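Trainee: Once you've had a glance at the structure underneath, I'll fire off some questions.
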Amino acid sequence: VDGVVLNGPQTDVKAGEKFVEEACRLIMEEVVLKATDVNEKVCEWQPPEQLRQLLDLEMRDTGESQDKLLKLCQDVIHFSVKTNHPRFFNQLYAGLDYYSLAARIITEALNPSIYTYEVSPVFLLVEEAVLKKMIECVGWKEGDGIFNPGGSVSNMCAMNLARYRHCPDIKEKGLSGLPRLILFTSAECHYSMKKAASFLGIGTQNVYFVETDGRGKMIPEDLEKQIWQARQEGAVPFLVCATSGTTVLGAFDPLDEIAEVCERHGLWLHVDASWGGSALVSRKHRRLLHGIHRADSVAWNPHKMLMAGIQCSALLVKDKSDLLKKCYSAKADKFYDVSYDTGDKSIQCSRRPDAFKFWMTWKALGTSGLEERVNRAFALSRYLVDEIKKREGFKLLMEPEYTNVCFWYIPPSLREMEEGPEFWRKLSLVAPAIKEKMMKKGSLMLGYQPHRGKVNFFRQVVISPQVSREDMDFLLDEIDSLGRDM
Amino acid sequence: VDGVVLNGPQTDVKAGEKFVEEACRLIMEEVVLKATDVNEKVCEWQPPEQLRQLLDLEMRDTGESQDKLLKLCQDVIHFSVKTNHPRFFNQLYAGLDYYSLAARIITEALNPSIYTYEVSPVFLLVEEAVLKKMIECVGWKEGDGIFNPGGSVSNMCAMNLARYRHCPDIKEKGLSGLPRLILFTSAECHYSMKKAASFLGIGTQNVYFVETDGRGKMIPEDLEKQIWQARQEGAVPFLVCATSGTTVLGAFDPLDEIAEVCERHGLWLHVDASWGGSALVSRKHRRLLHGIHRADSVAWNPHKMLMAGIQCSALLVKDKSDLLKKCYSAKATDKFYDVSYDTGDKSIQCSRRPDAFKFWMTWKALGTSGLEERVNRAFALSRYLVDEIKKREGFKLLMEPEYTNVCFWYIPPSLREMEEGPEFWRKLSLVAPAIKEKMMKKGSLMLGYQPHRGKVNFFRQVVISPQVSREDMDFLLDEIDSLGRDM
Ligand SMILES: *Cc1c(COP(=O)(O)O)cnc(C)c1O
Ligand SMILES: *Cc1c(COP(=O)(O)O)cnc(C)c1O
């Protein structure tokens, strides 16, 4: 010693290291080992103003003792939704993949960023591997891609690419003097298509929506109409965005008949497979994405159907001439193959190795194990279907094309009624009220939402391979019980 | 009963439960407990084609037994860079905060998304807490914000906000019929300002750069000049982006004199404090961002100076009328709780992680006082290395640092008796890349070297981790000197 302004190490490491070991056990005791126990509440509901009185969130000038901090962690787990609980069907993700989680913890400790090979050599070789594999599942011989934070941004990137490819001078000039650029998507499209059009300075008014048929599928005959009208307005079409697996219904646009339309006019074709993309793993169901190999770009989120954990979404491009680079290049030599850097393919600088956790799963299960996981979801989906039809008071909107089982629950008081406006206006308030109860019970969680002209209906999503047939029987047994007297 | 179309389960949990327990212990033994040990290699260098031949990355139809898988994890750590090693100064982050890691692991197991209160009640109350606290450090009375994946997106989001405020019809009509929108930033700005300008359909040609003085600081007299020229071209200025802590030099634009220029013309003022933002925690050094409370929006990444872990970047807005919402809304789908506590329509993202929770865990564990002291020690260690660099010969300092960005050349002995002419620089250029090549093969150090705005290859040092000691600074210069003495 010493110096100014006072030097040493000043740290209480060996204690702070225990807090990490103690947190690890909380994960094991209170999450990992209780992950498959159906006998636990999916959520400990407490309104906002009551949960504030339970957590002590104020960050004061002084710290808190290790006991008080371990209490917070004890509570943070107790009061949060259990996304791993087998009875969690509230989102397009659920369950706990043990192998992806172990990889997830690793990434957290190393705390790597994927600027370049010199900081993340392993994880950059893994992203190369995963992207190459995914590109095979699509059917391309070569390609290119990056991992974005959420398939929402993946679509944004693909929209920005289709604009750069159409007129790469937009990167420098901007859109001031350019005519109206127009993209075409289905009205069943994710809403990130809307945020994107605005964000990229294209405007939501320039997102032409193509009519869908009775199954939620885009109609390629109409698309030709919308592309000629756009031109005849003086506007410049440049992109078509189909969806292979919508969020609500799980529909699958016909990519082979859309590709034939995009190729007649030379328009980028982007397929939003954030949800249905994982079906490409199954030889049995990968036909849902027939013709995807004719698109120019594909979005795919493994954190959904394959339980990679949040976040994990990839954008794949059919190019190999560094178009990704040519589009996202900016400022910044020796001494290694600089090709293995990717800092200038993305809009972000820092980035986490989202693709590594998936790699850990694919190694642990192989394509064969992932194939079975996707296929089983379809079985459990179609099982719930067969059981829903047996019951009265459960109306199915349609046979699902994916694992999105959309149905109403009609209480007995509303049966023998007539299919008129007055009937719907009352059926509307059923799902939201059945959701209020199952959230206070902590025994179930399903999504309710309107769609198109349809009023509040349920959407069920089978993903986790811990779900059992008995978890589907309980779904209908539970909803029935909570809405029997409504 | 058992029946069609193939039912069970048949998952073999108890194995998957070991792999998690075994990985947890692997983390403890080989990372957490070895975090501060300086005598270990900062990195196990192996080129791609040799590291590819060592990891076996191929994803086959079949899986691999847990023993090979536990080997994989063992190798991934052995060959990866140790960002927690105290002698890691290669980027604007480093070190291991044990408390943020515990929070990182917690978030990791729950695997939550922050759509709404019904999915992430806790983490939404935590994000409200952090945002409110941060907004005080800025000096605002009230505000609004969200956590983005990386300060790059924070700048992108703030730039899109200023455009919505300037003409909110751009959200629907777009930019087709509108005149040229122009923003003004410093040439010392992060490059996400260029990526953003392109991405948002504004165009890089419309990013006017204001000249910098000898300290790297924007010159408010020029800023006024560029706004009159821009307008006199028929173009429409709408945003000014100052930087409170540049990446290379660590400069701090003068926010009070820039704000006065933005207020005379009614232009959004955005401060890129992704790096220097953490200085607001220090009463001594928070003067570097004097006048930030006059800006309309602030970006601030705790995953850097405060060691929150990646990723963690916040966008703060001076509004309270749900401008963030009004701008990033797509009301795509009501009782029975206060929907105000949802944030799904404030972001450009749909799904989102609780980046702010790990920081909250640190602030709780250390208090504002602990965060203040950690920031100050970095400043001291910076000024120590500075004073030590001047004592040594062969080390030329580009300038006195305003932050913890210590930029210096290393002049091998062969070039110390030369003259300060062109040929001198041209040879000095290849010094840093070759001194970096060795320390990466030695595995004993990692700091960044880069050219800059006409300066030739020089080193950049970033003091962050409070595990760094004077002995880690003396070794920095002793090591660089040793590796380049024979050049
Ligand atoms: C889930 C989804 C997205 C994007 O989801 P993120 O979690 O934001 O990545 C986009 N489109 C569809 C059809 C989706 O299901
Ligand atoms: C570190 C830094 C950033 C970081 O952006 P990321 O996308 O989070 O990596 C942006 N701007 C400046 C000035 C920075 O120092």
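A note on labels: chains of the structure tokens are A, B, ... as shown, every chain counts residues from 1, and ligands are counted from 1 in their shown order.
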Using only C-alpha atoms and all ligand atoms, which protein or nucleic acid residues are at most 9 Å from ligand 2, as a PyMOL selection string?
Mentor: (chain A and resi 113+115+347-351) or (chain B and resi 91-93+148-155+188-193+243-248+250+272-276+299-301+303-304+310-313)
Trainee: Ligand 1: which residues are within 8 Å, counting only C-alpha atoms and all ligand atoms? Reply as number ranges by chain.
Mentor: A: 92, 149-155, 189-192, 243-247, 250, 272-276, 301, 304, 311-313; B: 349-352
Trainee: Could you turn the residues from that selection into a file that holds C-alpha atoms, as a PDB file, in the first residue's frame?
Mentor:
```
ATOM      1  CA  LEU A  92     -46.151 -19.319 -27.873  1.00  0.00           C
ATOM      2  CA  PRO A 149     -33.381 -10.227 -30.351  1.00  0.00           C
ATOM      3  CA  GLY A 150     -36.839 -11.493 -31.233  1.00  0.00           C
ATOM      4  CA  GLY A 151     -38.348 -12.549 -34.547  1.00  0.00           C
ATOM      5  CA  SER A 152     -40.018  -9.146 -34.572  1.00  0.00           C
ATOM      6  CA  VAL A 153     -36.638  -7.557 -35.310  1.00  0.00           C
ATOM      7  CA  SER A 154     -35.759 -10.425 -37.661  1.00  0.00           C
ATOM      8  CA  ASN A 155     -38.646  -9.318 -39.873  1.00  0.00           C
ATOM      9  CA  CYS A 189     -49.634 -11.313 -39.996  1.00  0.00           C
ATOM     10  CA  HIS A 190     -47.859 -10.607 -36.743  1.00  0.00           C
ATOM     11  CA  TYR A 191     -48.115  -6.987 -35.654  1.00  0.00           C
ATOM     12  CA  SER A 192     -44.330  -6.542 -35.895  1.00  0.00           C
ATOM     13  CA  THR A 243     -46.488 -16.223 -42.613  1.00  0.00           C
ATOM     14  CA  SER A 244     -45.858 -19.938 -42.030  1.00  0.00           C
ATOM     15  CA  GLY A 245     -47.623 -20.260 -38.693  1.00  0.00           C
ATOM     16  CA  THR A 246     -49.712 -17.323 -37.521  1.00  0.00           C
ATOM     17  CA  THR A 247     -49.821 -16.473 -33.827  1.00  0.00           C
ATOM     18  CA  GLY A 250     -51.346 -20.994 -36.715  1.00  0.00           C
ATOM     19  CA  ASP A 272     -42.361 -15.202 -41.205  1.00  0.00           C
ATOM     20  CA  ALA A 273     -41.772 -18.685 -39.791  1.00  0.00           C
ATOM     21  CA  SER A 274     -41.104 -17.451 -36.246  1.00  0.00           C
ATOM     22  CA  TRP A 275     -43.746 -19.934 -35.040  1.00  0.00           C
ATOM     23  CA  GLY A 276     -44.130 -22.629 -37.708  1.00  0.00           C
ATOM     24  CA  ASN A 301     -37.591 -18.419 -33.477  1.00  0.00           C
ATOM     25  CA  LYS A 304     -40.899 -20.954 -29.056  1.00  0.00           C
ATOM     26  CA  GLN A 311     -34.361 -14.909 -26.608  1.00  0.00           C
ATOM     27  CA  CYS A 312     -33.613 -16.858 -29.797  1.00  0.00           C
ATOM     28  CA  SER A 313     -34.646 -15.735 -33.291  1.00  0.00           C
TER      29      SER A 313
ATOM     30  CA  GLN B 349     -39.877  -5.447 -29.778  1.00  0.00           C
ATOM     31  CA  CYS B 350     -42.665  -7.904 -29.068  1.00  0.00           C
ATOM     32  CA  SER B 351     -41.062 -10.395 -26.686  1.00  0.00           C
ATOM     33  CA  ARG B 352     -38.559  -8.873 -24.280  1.00  0.00           C
TER      34      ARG B 352
END
```
Trainee: Could you name the residues that touch residue B:24 at 8 Å or less, counting only C-alpha atoms, but leaving out those on the same chain fewer than 5 positions away, as a ChimeraX atom specification?
Mentor: /A:24,102,105
Trainee: Give me every helix (DSSP H, G or I) residue in stretch 117-276 of chain B, going by DSSP on the backbone, as a ChimeraX atom specification.
Mentor: /B:121-138,151-166,170-173,192-199,204-206,220-232,255-265,276
Trainee: Keeping only C-alpha atoms, write the selected residues as a PDB file, in the first residue's frame.
Mentor:
```pdb
ATOM      1  CA  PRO B 121     -45.601  -9.006 -12.670  1.00  0.00           C
ATOM      2  CA  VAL B 122     -42.388  -8.849 -10.620  1.00  0.00           C
ATOM      3  CA  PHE B 123     -40.000  -7.904 -13.421  1.00  0.00           C
ATOM      4  CA  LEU B 124     -42.414  -5.206 -14.606  1.00  0.00           C
ATOM      5  CA  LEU B 125     -42.458  -3.662 -11.131  1.00  0.00           C
ATOM      6  CA  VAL B 126     -38.656  -3.861 -11.087  1.00  0.00           C
ATOM      7  CA  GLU B 127     -38.333  -2.165 -14.475  1.00  0.00           C
ATOM      8  CA  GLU B 128     -40.626   0.600 -13.214  1.00  0.00           C
ATOM      9  CA  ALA B 129     -38.365   1.002 -10.177  1.00  0.00           C
ATOM     10  CA  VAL B 130     -35.094   1.111 -12.129  1.00  0.00           C
ATOM     11  CA  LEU B 131     -36.447   3.523 -14.749  1.00  0.00           C
ATOM     12  CA  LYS B 132     -37.737   5.882 -12.056  1.00  0.00           C
ATOM     13  CA  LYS B 133     -34.446   5.761 -10.151  1.00  0.00           C
ATOM     14  CA  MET B 134     -32.348   6.364 -13.279  1.00  0.00           C
ATOM     15  CA  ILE B 135     -34.598   9.288 -14.206  1.00  0.00           C
ATOM     16  CA  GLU B 136     -33.691  10.988 -10.922  1.00  0.00           C
ATOM     17  CA  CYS B 137     -29.965  10.642 -11.642  1.00  0.00           C
ATOM     18  CA  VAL B 138     -30.622  12.455 -14.927  1.00  0.00           C
ATOM     19  CA  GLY B 151     -27.731   1.051 -26.629  1.00  0.00           C
ATOM     20  CA  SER B 152     -27.602   0.910 -30.420  1.00  0.00           C
ATOM     21  CA  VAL B 153     -31.345   0.242 -30.446  1.00  0.00           C
ATOM     22  CA  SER B 154     -31.817   2.882 -27.732  1.00  0.00           C
ATOM     23  CA  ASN B 155     -30.413   5.473 -30.143  1.00  0.00           C
ATOM     24  CA  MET B 156     -32.536   4.024 -32.952  1.00  0.00           C
ATOM     25  CA  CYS B 157     -35.648   4.210 -30.766  1.00  0.00           C
ATOM     26  CA  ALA B 158     -34.914   7.753 -29.587  1.00  0.00           C
ATOM     27  CA  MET B 159     -34.324   8.875 -33.177  1.00  0.00           C
ATOM     28  CA  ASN B 160     -37.639   7.319 -34.227  1.00  0.00           C
ATOM     29  CA  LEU B 161     -39.344   9.116 -31.328  1.00  0.00           C
ATOM     30  CA  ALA B 162     -37.997  12.531 -32.335  1.00  0.00           C
ATOM     31  CA  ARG B 163     -39.372  11.879 -35.826  1.00  0.00           C
ATOM     32  CA  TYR B 164     -42.804  10.947 -34.478  1.00  0.00           C
ATOM     33  CA  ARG B 165     -42.871  14.079 -32.308  1.00  0.00           C
ATOM     34  CA  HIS B 166     -41.807  16.196 -35.290  1.00  0.00           C
ATOM     35  CA  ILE B 170     -44.798   9.552 -40.592  1.00  0.00           C
ATOM     36  CA  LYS B 171     -45.918   6.478 -38.646  1.00  0.00           C
ATOM     37  CA  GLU B 172     -48.736   6.013 -41.181  1.00  0.00           C
ATOM     38  CA  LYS B 173     -47.793   7.978 -44.311  1.00  0.00           C
ATOM     39  CA  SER B 192     -25.158   3.178 -34.531  1.00  0.00           C
ATOM     40  CA  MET B 193     -26.055   6.752 -35.497  1.00  0.00           C
ATOM     41  CA  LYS B 194     -25.224   5.813 -39.101  1.00  0.00           C
ATOM     42  CA  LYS B 195     -26.880   2.382 -39.026  1.00  0.00           C
ATOM     43  CA  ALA B 196     -29.925   4.042 -37.473  1.00  0.00           C
ATOM     44  CA  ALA B 197     -30.088   6.839 -40.056  1.00  0.00           C
ATOM     45  CA  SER B 198     -30.083   4.236 -42.838  1.00  0.00           C
ATOM     46  CA  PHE B 199     -32.387   1.774 -41.069  1.00  0.00           C
ATOM     47  CA  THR B 204     -26.652   8.589 -43.958  1.00  0.00           C
ATOM     48  CA  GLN B 205     -26.274  11.583 -46.289  1.00  0.00           C
ATOM     49  CA  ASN B 206     -28.574  13.414 -43.837  1.00  0.00           C
ATOM     50  CA  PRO B 220     -21.970  24.541 -30.169  1.00  0.00           C
ATOM     51  CA  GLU B 221     -20.990  27.460 -32.422  1.00  0.00           C
ATOM     52  CA  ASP B 222     -20.848  25.103 -35.409  1.00  0.00           C
ATOM     53  CA  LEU B 223     -24.061  23.311 -34.404  1.00  0.00           C
ATOM     54  CA  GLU B 224     -25.835  26.637 -34.920  1.00  0.00           C
ATOM     55  CA  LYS B 225     -24.113  26.914 -38.313  1.00  0.00           C
ATOM     56  CA  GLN B 226     -25.225  23.485 -39.538  1.00  0.00           C
ATOM     57  CA  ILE B 227     -28.841  24.137 -38.517  1.00  0.00           C
ATOM     58  CA  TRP B 228     -29.004  27.339 -40.570  1.00  0.00           C
ATOM     59  CA  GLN B 229     -27.285  25.771 -43.585  1.00  0.00           C
ATOM     60  CA  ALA B 230     -29.500  22.678 -43.406  1.00  0.00           C
ATOM     61  CA  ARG B 231     -32.649  24.814 -43.334  1.00  0.00           C
ATOM     62  CA  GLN B 232     -31.335  27.100 -46.087  1.00  0.00           C
ATOM     63  CA  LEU B 255     -24.852  19.507 -22.870  1.00  0.00           C
ATOM     64  CA  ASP B 256     -25.745  22.909 -21.388  1.00  0.00           C
ATOM     65  CA  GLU B 257     -24.544  24.869 -24.430  1.00  0.00           C
ATOM     66  CA  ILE B 258     -25.985  22.324 -26.873  1.00  0.00           C
ATOM     67  CA  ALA B 259     -29.356  22.357 -25.101  1.00  0.00           C
ATOM     68  CA  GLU B 260     -29.468  26.146 -25.475  1.00  0.00           C
ATOM     69  CA  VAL B 261     -29.071  25.659 -29.239  1.00  0.00           C
ATOM     70  CA  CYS B 262     -31.742  22.953 -29.466  1.00  0.00           C
ATOM     71  CA  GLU B 263     -34.174  25.120 -27.477  1.00  0.00           C
ATOM     72  CA  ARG B 264     -33.719  28.133 -29.776  1.00  0.00           C
ATOM     73  CA  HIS B 265     -34.881  26.044 -32.759  1.00  0.00           C
ATOM     74  CA  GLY B 276     -20.603   7.928 -19.584  1.00  0.00           C
TER      75      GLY B 276
END
```
Trainee: Extract, using only C-alpha atoms, all DNA, RNA and protein residues at most 9 Å from residue A:462, discarding same-chain residues fewer than 2 positions from it, and format them as a VMD selection string.
Mentor: chain A and resid 89 92 to 94 305 377 to 378 380 to 381 403 to 405 460 464 to 465 467
